[PDB]
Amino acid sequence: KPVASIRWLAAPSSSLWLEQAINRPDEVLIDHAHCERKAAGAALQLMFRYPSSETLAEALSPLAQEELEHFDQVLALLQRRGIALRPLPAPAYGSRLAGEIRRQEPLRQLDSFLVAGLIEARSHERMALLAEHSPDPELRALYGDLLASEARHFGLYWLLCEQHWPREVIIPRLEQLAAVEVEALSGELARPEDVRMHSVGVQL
């Protein structure tokens, strides 16, 4: 948690998430790879939604390129370990958040940037736990290297919000969406193999 950063998340991950992720590292890693790729797809999709925004393109093209470089790095690790890039099912988290995004412009854009930001903040928080806590050195080095290529204070998605919206508006909407994000992570994991980067486990 760097100072002069914005707090995105309304609650930290639970001890038990971390324990579960260490217990089934393969599932978490496969899922992580899909998440990186999904994160690039979101950046691109937002450009396709706002195709004449040069400020958005200047920010989200490099981000997409970086998310694919992270995907390639996770896939290299899976491949170095002999783990198949399996079609492992995604948790309900992303679909649940995206269902909060309003249908009309321009509030749809605000909501989309905030959801994208929430997802990345949660990935970040959990990747940082794994980087510090995992007993597997190669995972600590992957997760450390992926978080290194950063220096995020506000979050790219926050700055995009500020381009088009006052804080007076951003702030109360992020509070609402941050509340749904923690409700999406509430619950208990039904089987160990269901652990994911965005499976349940927060402290309330």
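Residue positions are given as counts along the sequence shown, with the first one as 1.
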Check: What stretch has the higher average Cα B-factor here, 50-58 or 161-169?
Finding: 161-169
Checklist line | 19-27 set against 186-194, stretch whose average Cα temperature factor tops the other in the entry | finding: 186-194
Notebook entry, point to check: Of the options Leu88, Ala121, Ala131, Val74, which has the highest CA B factor as deposited?
Noted result: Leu88
Note to self: Using only modelled residues of the chain, where does the Cα B factor of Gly41 rank: lowest third, middle third or highest third?
What the structure shows: lowest
Check: Sorting the chain's CA B-factors, does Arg126 end up in the lowest, middle or highest third?
Finding: lowest
Note to self: Which third, lowest, middle or highest, does the C-alpha temperature factor of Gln104 belong to within its own chain?
What the structure shows: lowest
Next item on the list: Could you look up the Cα B-factor of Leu68 in the entry and say which third of the chain it sits in: lowest, middle or highest?
Entry: lowest
Notebook entry, point to check: Should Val115 be placed in the lowest, middle or highest third of its chain by the C-alpha B factor in the entry?
Noted result: lowest
